[PDB]
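Take a look at this single chain, the form deposited in one PDB entry, given in structure tokens.
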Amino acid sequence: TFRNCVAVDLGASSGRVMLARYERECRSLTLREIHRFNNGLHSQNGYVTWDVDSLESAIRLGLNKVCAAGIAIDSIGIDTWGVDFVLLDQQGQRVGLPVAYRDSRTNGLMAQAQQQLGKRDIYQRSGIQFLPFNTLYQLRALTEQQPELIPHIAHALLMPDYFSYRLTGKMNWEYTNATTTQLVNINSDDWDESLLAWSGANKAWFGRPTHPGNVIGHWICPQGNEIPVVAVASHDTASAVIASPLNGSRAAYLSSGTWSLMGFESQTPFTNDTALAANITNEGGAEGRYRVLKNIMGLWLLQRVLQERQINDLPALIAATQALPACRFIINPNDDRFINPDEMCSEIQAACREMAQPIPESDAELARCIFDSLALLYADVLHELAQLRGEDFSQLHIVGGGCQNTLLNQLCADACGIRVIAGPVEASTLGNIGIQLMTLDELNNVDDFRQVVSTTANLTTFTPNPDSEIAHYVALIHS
């Protein structure tokens, strides 16, 4: 009566196949890693792409490991990073390259859309934040720059649905991730005809978006037994929010990985002029609970620094960084210059120099700049969100790999002046498992699932310190 559910969670920096064991009567939820594998950008023929074939093989390797162990798999579910897609021909073969959202093909196109359609028009239709790599702009790039591919395209699948298709042979268009495209009309939960038209994409390439929980199809162990593949809240951030142990209207989340996604949950979207000016997004959530959030460039900046300076001990870097004084180097991490510069360290240094600040040069200084700059932006955004909804927050839940950074957890609490609760680490995996359990009739809703997480996961409390360096800094930049 315990259920064995497999979650595939693909992030920009890593993929993971994990196995959960759940039994309702016990309120016991355990999670084991089956297969962890690298993911990251590839330079391929002058483009920045994903190696989808290696990701698919890695997923299969993990699934086949569970099968060969003789475990009765009750379900499988897949979540990935948002926005990106794979084009398919009439026989399901890939068309063109699997270009990544970090690619520069889209440069200038978001401004073009605003000029031709109207910024307010796009925002009112979609309720989605302006990011220059939104799918809306990617499809414009594709149809403009690669017209010869167009007749060959039968379907476009967002990344999670692409892998679900490779496992089942069936196509799906999952709602929570569909909303990341800036192509879904917020009033209809269906593709917006005017936005599709501008992109050059064909409505026939898609299907009506379907809310999480449906059985997409089945996958088969080397044995022959049919295992349902479930559409989960397939946008990784949507899954992370599900597993965040939010406690009522006064709780916010910070989903911390490659990106930092800071937001709250709402029954209704915010598309007013305040939201528009703040560039706030209203992403689709399980249960129709909007994820009202902002993208923050996040630990991407550090990932790049680590590779450039050949740093292989991140815990040591964090410990060293703790000893450096705070707020000497402040950049705006959300500046477009940081999306994909060739030289991240140089870009951070240039930004600091431009602002008449000392230059962060040691490994620990670069890390310090990143952590303080993120924490100040966290405080800015949390303020914007509270102001927008007309309600303060009493706790901030930090989840994701980033929630292991105890330095950044405390900086966030101190800058925001809010209690921080860190954990679970693998929130996307857990929310993916949650929806699967719901389709199995083992769990009733997201709120019930969060009660499980809160009695199962390791949660660490960071109390705001009013006398901290960053708290003192924030106090000064108010008056």
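Between two forms, the rigid core is defined as the largest C-alpha subset superposing within 1.5 Å. Throughout, we count residues from 1 along the sequence that is shown.
What comes next is about the form deposited in another entry, which is not displayed.
*Asks:* To test your reading of the superposition: with the rigid core aligned, which of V83, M171, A154, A364 moves its Cα by 2 angstroms or more between the shown form and the other one?
*Replies:* After core superposition, the one over threshold is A364.
*Asks:* Taking the rigid core as the superposition reference, indicate whether the CA of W198 shifts 2 angstroms or more between the shown form and the other one.
*Replies:* Result for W198: no, shift under 2 Å.
*Asks:* Does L299 move appreciably between the shown form and the other one, meaning a CA displacement of 2 Å or more on the superposed rigid core?
*Replies:* Superposed on the core, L299 moves its C-alpha 2 Å or more between the shown form and the other one.
*Asks:* Look at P325 and decide if its Cα position differs by 2 Å or more between the shown form and the other one after superposing on the rigid core.
*Replies:* It does, since the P325 C-alpha is displaced 2 Å or more between the shown form and the other one after the core fit.
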